[PDB]
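Order of appearance sets the numbers: ligands from 1, and atoms from 1 within every ligand. The figures that follow rest on heavy atoms only: side chains count, while hydrogens, waters and symmetry mates do not. We number each residue from 1, following the sequence as shown.
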Amino acid sequence: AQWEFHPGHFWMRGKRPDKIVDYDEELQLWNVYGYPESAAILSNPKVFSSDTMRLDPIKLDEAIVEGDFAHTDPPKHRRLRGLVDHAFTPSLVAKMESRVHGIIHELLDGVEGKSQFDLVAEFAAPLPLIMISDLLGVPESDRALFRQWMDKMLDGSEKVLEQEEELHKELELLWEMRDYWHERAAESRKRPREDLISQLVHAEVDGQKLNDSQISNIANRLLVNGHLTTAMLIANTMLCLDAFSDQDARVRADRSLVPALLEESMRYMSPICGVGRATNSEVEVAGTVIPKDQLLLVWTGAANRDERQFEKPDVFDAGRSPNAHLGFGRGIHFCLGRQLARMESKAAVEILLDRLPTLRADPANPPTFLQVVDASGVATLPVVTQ
Ligand code: HEM
């Protein structure tokens, strides 16, 4: 029934926010919790900028953030995202679709003799890492390297002298990743393959193109945005199914519900539950006037429990309609990979139900939750096969 969430994620413990907007004196930032406010904010990029680092001293060199459109505003955002969407071709997308079943089955074969395991480590996490890697065109040998990379990034996210300390740590890993992708981009310029790096290298739009530094930073962004949130979606869903057994029977009796189940999992336990914005001018949100050049955190996780928007918000309802949650954001930064996340997670859940029909969450070994402030979800999920 009840679990051990990040201490900041009060909405997961059923608490309504005391105020729609408030200010954190210690961290010197603003929080927004309401759904219609969060939605208006995300829809208003010209006052609520995604260029958060302009507030944060010290700044990464331009070559390091070059092309990362998740932190860019229009008009440059429109151009960068345009080139990357062009490179996400219908061919590449269908290729991932045609592969997803075989990869799921291969993973599940690797635990066919185990009675107890961690669903995250054995399945929910490797599946989207393998899919995003395959998309980008990475050899099989290198996906261990990606695992190590993400592990490093999570350890830091969980954890002027110390201002420079953290700087070195972050840069040394981005250097390594950038150098990896530059080599891929260079190879694919000479001999293009059937993958996203090759499409990013040849993408041309009116009639702009990307250089290898931009391409490398884009690949890094897709990598970090891709797999861990998808892993949490899959694992959070199986956890919810385990805890709400009526919904479990409901879904097993009606496999048509799985797409709506995943959307309800998105809403109820949001893998990304907060996104950062910076204000360009003075604004009034709800009642509160927020000053210029302020960091604002938009808590999509909390907004997804807002009763002004959702009837019975703290009920998990596997067939919930309507369900316009903010799990993938809203507006111009609307999650670029959401169809891929939905495709992967649907296939994972469908096959889990069929192949491990007596699967249950390990009662002797409770789930651990990711202790990262802006992600709500399972870090480990011990399960038993019988
Ligand atoms: C359950 C899975 C996922 C969740 C919950 C998720 C969530 C989000 C959210 C909330 C945003 C918007 C952030 C903001 O407004 O500041 C976003 C953006 C993005 N996501 Fe996802 N995402 C998921 C999967 C993926 C996947 C699989 C990919 C790539 C293959 C991906 C790539 C991106 C990219 C590139 C953006 C940036 C779009 C932009 O700024 O224009 N995401 N995602």
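Side-chain contact annotation: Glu66 with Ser213, donor-acceptor N/O pair under 3.5 Å present.
The distance from ligand 1 to the heavy atoms of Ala70 drops below 4.0 Å at these ligand atoms: 40 (O). Set against the non-hydrogen atoms of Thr230, the atoms of ligand 1 under 4.0 Å away are 1 (C), 2 (C), 27 (C). Near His77, meaning under 4.0 Å from any of its heavy atoms, are these atoms of ligand 1: 39 (C), 40 (O), 41 (O). Residue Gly327 approaches ligand 1 through these ligand atoms, each under 4.0 Å from one of its heavy atoms: 5 (C), 7 (C), 10 (C). Close approach of ligand 1 to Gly329 (heavy-atom distance below 4.0 Å) involves ligand atoms 10 (C).
Remark: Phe316 CZ to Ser265 OG distance equals 5.0 Å, nearest 0.5 Å. Rounding to the nearest 0.5 Å places CE of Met266 at 8.5 Å from CD1 of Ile272.
Between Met266 and ligand 1 there is a heavy-atom distance shorter than 4.0 Å. Ligand 1 is approached by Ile332 to a heavy-atom distance shorter than 4.0 Å.
The N/O atoms of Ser50, backbone and side chain alike, include none that comes under 3.5 Å of an N/O atom in ligand 1. The N/O atoms of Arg277, backbone and side chain alike, include one that comes under 3.5 Å of an N/O atom in ligand 1. Below 3.5 Å of separation, one finds an N or O of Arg81 facing an N or O of ligand 1. Between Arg338 and ligand 1, a contact under 3.5 Å exists for no N or O pair.
Below 30°, between 30° and 60°, or above 60°: for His325 and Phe328 the angle between ring planes is between 30° and 60°, a tilted geometry.
Under 4.0 angstrom from ligand 1, the non-hydrogen atoms of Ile132 all belong to its side chain.
Taking the six-membered ring where the residue is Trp, the centroids of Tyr268 and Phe310 are separated by 6.0 Å or more.
A salt bridge does not link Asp254 with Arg250: every distance from a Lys NZ or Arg NE/NH1/NH2 to an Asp or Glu carboxylate oxygen is 4.0 Å or more. Taking the charged nitrogens against the carboxylate oxygens, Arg255 and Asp354 do have a contact shorter than 4.0 Å, which makes a salt bridge. Under the 4.0 Å criterion applied to side-chain N and carboxylate O atoms, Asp293 and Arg54 are assigned as salt-bridge partners.
The heavy atom nearest to atom 2 (C) of ligand 1, out of those in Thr300, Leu233, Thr229, is found in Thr229. Of the candidates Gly337, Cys273, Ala375, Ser270, it is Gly337 that places a heavy atom closest to atom 31 (C) of ligand 1.
Within the 4.5 Å cutoff, no side-chain heavy atoms of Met96 are placed close to those of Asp134.
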